[PDB]
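Chemist: model the structure of this input:
(chains A and B, ligands or ions: 4)
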There are 2 protein chains.
Amino acid sequence: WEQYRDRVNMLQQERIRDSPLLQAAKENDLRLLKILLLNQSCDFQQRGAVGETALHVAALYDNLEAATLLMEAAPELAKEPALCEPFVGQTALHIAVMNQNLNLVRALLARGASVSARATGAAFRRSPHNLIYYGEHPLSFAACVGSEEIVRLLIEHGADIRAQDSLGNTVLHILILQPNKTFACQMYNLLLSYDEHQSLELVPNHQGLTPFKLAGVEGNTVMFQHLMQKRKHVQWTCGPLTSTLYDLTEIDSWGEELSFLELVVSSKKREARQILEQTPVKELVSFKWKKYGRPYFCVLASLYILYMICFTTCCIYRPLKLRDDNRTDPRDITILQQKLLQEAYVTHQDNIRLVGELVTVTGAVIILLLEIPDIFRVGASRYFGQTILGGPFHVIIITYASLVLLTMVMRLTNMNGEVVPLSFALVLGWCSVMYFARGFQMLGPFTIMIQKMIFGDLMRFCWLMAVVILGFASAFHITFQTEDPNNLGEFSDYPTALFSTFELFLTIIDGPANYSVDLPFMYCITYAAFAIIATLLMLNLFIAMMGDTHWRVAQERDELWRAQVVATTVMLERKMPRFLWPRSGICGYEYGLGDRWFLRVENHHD
Amino acid sequence: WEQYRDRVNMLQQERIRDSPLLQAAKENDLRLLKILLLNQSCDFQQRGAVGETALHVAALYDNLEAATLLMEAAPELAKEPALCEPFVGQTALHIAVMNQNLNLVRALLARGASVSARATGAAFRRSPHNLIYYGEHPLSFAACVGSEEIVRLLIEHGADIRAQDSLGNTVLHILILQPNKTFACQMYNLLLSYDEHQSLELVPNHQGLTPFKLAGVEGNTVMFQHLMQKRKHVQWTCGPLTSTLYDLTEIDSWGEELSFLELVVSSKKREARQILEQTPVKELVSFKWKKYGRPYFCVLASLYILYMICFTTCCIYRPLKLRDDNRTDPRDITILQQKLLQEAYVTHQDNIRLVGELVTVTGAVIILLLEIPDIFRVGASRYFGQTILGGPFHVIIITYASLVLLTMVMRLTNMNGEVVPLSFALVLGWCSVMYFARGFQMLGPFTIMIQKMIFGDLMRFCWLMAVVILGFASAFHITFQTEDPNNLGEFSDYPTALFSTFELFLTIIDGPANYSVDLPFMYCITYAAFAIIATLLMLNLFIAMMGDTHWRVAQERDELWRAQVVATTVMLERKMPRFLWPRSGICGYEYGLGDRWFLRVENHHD
Ligand SMILES: CC(C)[C@@H](C)/C=C/[C@@H](C)[C@H]1CC[C@H]2C3=CC=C4C[C@@H](O)CC[C@]4(C)[C@H]3CC[C@]12C
Ligand SMILES: CC(C)[C@@H](C)/C=C/[C@@H](C)[C@H]1CC[C@H]2C3=CC=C4C[C@@H](O)CC[C@]4(C)[C@H]3CC[C@]12C
Ligand SMILES: CC(C)[C@@H](C)/C=C/[C@@H](C)[C@H]1CC[C@H]2C3=CC=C4C[C@@H](O)CC[C@]4(C)[C@H]3CC[C@]12C
Ligand SMILES: CC(C)[C@@H](C)/C=C/[C@@H](C)[C@H]1CC[C@H]2C3=CC=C4C[C@@H](O)CC[C@]4(C)[C@H]3CC[C@]12C
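Modeler: Numbers count the residues shown, from 1 in each chain, chains lettered A, B, ... in the order given. Ligands and ions are numbered 1, 2, ... in the order given. Shown next is the structure:
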């Protein structure tokens, strides 16, 4: 919380200003320090608002002379951490390491400061409130700051590299969480040494993620390249061609429930889809999509198209009988009604329709059985909210299967009004065939564009279009509230006025004009203003805004598709049986390389 | 095949690892090499998985000491090539030349390695599988790698420059197939020397292509400029103006069936149309198009317009009599029927129509006789698939002539239903006048744009538009399946519902609204959703996507037109008689320069 941290910092500065020892440590006033340390009544264990000692104040402002004088007067201040909530466990060693004062780190380790001291405070935890997540240990702080000398000095004094914070992250995870991504590779190389023998790269955090999986999730492409440099083998370099043998143990993740590629495509980070364009991963998912993914996706698309054709044919031949009542109202045009269940299935065509409806119900049950456990598997927000995983289509097909089952219930219980679920089910089921458009390059990015336009410019257009219809519907209704509805029936009731002016916004119906009668002049004025500001201005400004936001998000539209084709492969590999999806790569047991599976990439390095 | 090559490379590395001599040659372990070559039981002719010797392994990893020790123990390993399928014929000289080890090439030639050894393997042939096509000879390998010293050393030892691989390419063709295009000119200059006397530049491959024609086909513009540098003569350089005299022997290609420009404009390469913008070729095709091409294309366009006017006038005056049956059905509006052939031609106007129909049939026969042999001449895929040659228009006019002949057959055999071929023939014949739009700058690029939009954004729009119509047609049909069809007949049958909602997608008909009756509320909900997602969203998103893909392919649209005007000249020169197309250039026999035809270009070099 921002105001709490502002109060904490203000109170900390007030205690510093209201304590002569803390002010002398801050301003490096050595004379006042000698006077205060000469007096025995002055407490060496004075604590500030955050529980900081005077040594913490000396290390905070890089006053080496003040810190050495305080440690000469009281060495045990090196062993005293802070004890208040935003800075629980922070010692002077943490602040000395953060400020990169190597002589101060030497002086603190000389006095016996704890090299395993853990700063379990709210300011040192990973949070959107905190601006840096450098860990909880001085070794993690020195690794994330970027000082190799302090790292070597802490390791020589007994710092444990295999130390986990409150999130379970080791020093490698917090190194991969840094946004620098350049010196962190050098610090990763430094900390891979002294880990001589489970290695530190195989230690998962509390989310179960290895540093390889964490680099895949967080979208650290440079750290991913640095990690594969250690997981490759150059076979030959004859001429301009070289053949490298990447290891797919930590990429393919055979047997693991949450594989590497599944964590990559389901990650919320925008850089996380830039891991799919790297040298082993792109070749692996490209081999999987061409060899196995695309034919299986095409036959599933054909099966879903045939299923929707059967559902549509069952909707066309829906059992309707003549009405058993007279049409007294002259504005009532209903001549047919739904049959009861006893009379619905009598003829042979009704038996064929019964077979098709059983096929439809079985398909809806299959759709629900495929869709429901994945919501609990990957979370409700990530399943329905990510474009790469097919977010809106899962909501659409769950609504479609629910409406089909509701129509089955209404058919069995003889409820009237099956058109209301059936039209919704037809519209949602046929618009859910746009999922399979992600399997084709001609149709994938256009479908992603349609998704971006619907949740983007269409909603912000509709919010103002609603206030224009609500104005002009009321105006058009009250101008025609004193006129005969038979001559101009476009605005005769307020719902009809709303629908008529909504159609007049999009110019899908003609302007109401009866030239044999005398319309009000207020209709002419209001409709001229409506034609100016809605038809001419906003309906063309929507085209202009779509054209402006098409080229801005065009590059983002192609990348999101290339990822959508890595999530279709990573699902089909998960959901389809194993005999249809053979293990990808080259088996090392055939060639004596071991029990590992490799991928061979031959590239022209010139 | 990728998996076969992965298996081959893995098996090759496994044999290297399972053989002590091959592993010693790979790792350059000279002590183990001395131990193994001391033992007589160790076979010097050990072969790997690809049939490679230990000398091949030594040359593969640039181990010069290992290779010299192996050749000291066994010189005849220099004469032993590999004998397995991916690497048939590859010797150690090929791998030494590929890795640019000049001392190893000296040591191999000293031992008597074959300088004419031909590597007829699948890895050395031109293929999309292979990443490099460097030829099949060590001289071709040294030329394509870029080492002049190795080229001179191989030529001094007896390499044949006039050597052809399995594709018939000499060393110059494989030099022109390199994507470097900069050092290949220097290597071309080097290999033009030692060819002192048919020269090497006049040797065709198995496709009949010279290096000049191959550089034209492959779009190598830098090599084309380097080749004309040797085919030009500077007459004078007075001031800032210079007059050069280019040779049109290998550019115009008089008498040759497959000329240079015909191979250039029919090539599938995208860079191949960048040869038409070079200094002799652009001036030659510009002179041909202005002097002869444009008036002939204009009079052919006028003749085709008059022919289509005659065909349209014959379709308007089509012989129709009154029906000889009563209209019992109230929804039947047919009042006229086709006349029989005996009563069709009675009056004088019918004789004028007979003359016009004979003109139409003769024109269709002429169109077929012009179009049919060119399909067999240039291939079916290249004739119907290339925008530069007029791809879709040939399919359109073949369909048009076929429909005209089908209408003639139906007229002679008294078949009923000539409207079905005649409307198709009229639509296709009038849309085939867009071919002649390539003869004009105002109409050419716009027609290429229309072609790019139809095969581009229009198809990807129509594939999703089809799933929107199939959804909303079914919804609109089942909402009106219980209503009287007389009040709202837009959705009364499923084909009529499909056509009505297809018209409602493009807003070419009004929204169905009868204000004197009570329509279903489900129609209002479904039509509001349809108006949002089809009329507002997708119909404007098509405009936005066309505007986005107009400026991206605008530069490509002008270049494709400039080429289309070089293919119209190269066809008209081929198809029209020779007395209408005089030979282009300046005759050298008039001025004593020889039996060659030249083009004079005067340019301001400042
Ligand atoms: C007639 C009723 C059912 C109303 C509610 C209509 C709703 C349909 C037509 C709308 C609701 C949400 C829309 C929708 C949701 C999101 C996407 C994902 C996008 O990448 C392609 C279009 C697509 C698939 C569209 C298609 C049309 C849908 C499914
Ligand atoms: C402008 C945006 C917000 C889009 C969504 C507009 C929607 C509004 C204007 C549309 C959508 C559905 C329409 C609608 C639904 C159904 C009926 C029942 C019918 O018997 C009278 C009209 C009536 C009452 C209209 C009123 C106007 C509505 C509510
Ligand atoms: C009424 C029937 C005949 C249906 C099939 C209509 C087809 C016509 C209208 C369509 C089919 C393919 C279309 C077509 C093909 C390709 C091209 C090349 C392009 O550079 C200009 C437009 C042009 C020439 C268009 C014109 C319109 C055509 C010829
Ligand atoms: C959305 C894209 C795919 C474009 C091409 C749409 C085409 C469809 C919707 C159109 C094209 C031709 C139309 C068509 C052809 C002819 C007839 C016969 C007529 O008596 C009833 C309507 C009917 C059956 C309609 C149905 C809808 C069709 C098939």
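
Chemist: gap between the residue nearest to residue A:385 when sequence neighbours are not counted and residue A:462?
Modeler: If the residues on either side of it in the chain are set aside, residue A:385 comes closest to residue A:391, at 5.3 Å by C-beta to C-beta, 6 or more residues apart in numbering or on different chains. The way it works is simple: take the backbone N, C-alpha and C, and place the C-beta from them, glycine included. For residue A:391, the distance to residue A:462 (C-beta to C-beta, to the nearest Å) stands at 20 Å.

Chemist: please report phi then psi for residue A:597.
Modeler: Residue A:597 adopts backbone torsions of phi -110, psi 130, taken as degrees, to the nearest 10.

Chemist: about what we covered before: who's in contact with the residue nearest to residue A:385?
Modeler: Residue A:391 makes contacts with A:383, A:384, A:385, as judged by C-beta atoms under 8 Å, 6 or more residues apart in numbering or on different chains.

Chemist: residue A:255 too?
Modeler: Residue A:255 neighbours (C-beta under 8 Å, 6+ apart): none.

Chemist: around ligand 1, which positions in chain A sit nearby?
Modeler: A:392, A:396, A:424, A:427, A:428, A:431, A:434, A:447, A:450, A:451, A:454 (C-beta under 6 Å from any ligand atom).

Chemist: how about stretch A:275-291: buried residues?
Modeler: For stretch A:275-291, the neighbour count (16 or more other C-beta atoms under 10 Å in any protein chain shown) marks A:275-276, A:278-281, A:283-289 as buried.

Chemist: same thing with stretch A:319-338?
Modeler: So for stretch A:319-338, counting by 16+ other C-beta under 10 Å, buried means A:319, A:333, A:338.

Chemist: put the buried members of the contacts of residue A:391 into a ChimeraX selection.
Modeler: Selection of the buried residues among the contacts of residue A:391 in ChimeraX, burial being defined by 16+ other C-beta under 10 Å:
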select /A:383,384
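
Chemist: in helices, which of the contacts of residue A:391 appear?
Modeler: Counting by DSSP state H, the part of the contacts of residue A:391 found in helices is A:383, A:384, A:385.

Chemist: and residue A:494, how many neighbours?
Modeler: 14 (other C-beta atoms under 10 Å in any protein chain shown).

Chemist: dihedrals phi and psi, residue A:18?
Modeler: Torsion angles, degrees, to the nearest 10, at residue A:18: phi -100, psi 10.

Chemist: distance of the residue in the stretch 251-400 of chain A that ligand 2 sits nearest to relative to ligand 4?
Modeler: The minimum distance from the stretch 251-400 of chain A to ligand 2, using C-beta to the nearest ligand atom, falls at residue A:331 (11.8 Å). Distance, residue A:331 to ligand 4, by C-beta to the nearest ligand atom, to the nearest Å: 29 Å.

Chemist: what's the answer for residue A:47, then?
Modeler: Here residue A:47 is placed at a distance of 76 Å from ligand 4 (C-beta to the nearest ligand atom).

Chemist: now do residue A:207
Modeler: 47 Å.

Chemist: do residue A:340 as well
Modeler: Distance, residue A:340 to ligand 4, by C-beta to the nearest ligand atom: 33 Å.

Chemist: show me what contacts that residue?
Modeler: Here residue A:340 is in contact with residue A:414 (C-beta under 8 Å, 6+ apart).

Chemist: how about the residues of the stretch 451-600 of chain A near ligand 2?
Modeler: So the stretch 451-600 of chain A meets ligand 2 at A:462, A:465, A:466, A:469, A:495, A:496, A:498, A:499, A:502 (C-beta under 6 Å from any ligand atom).
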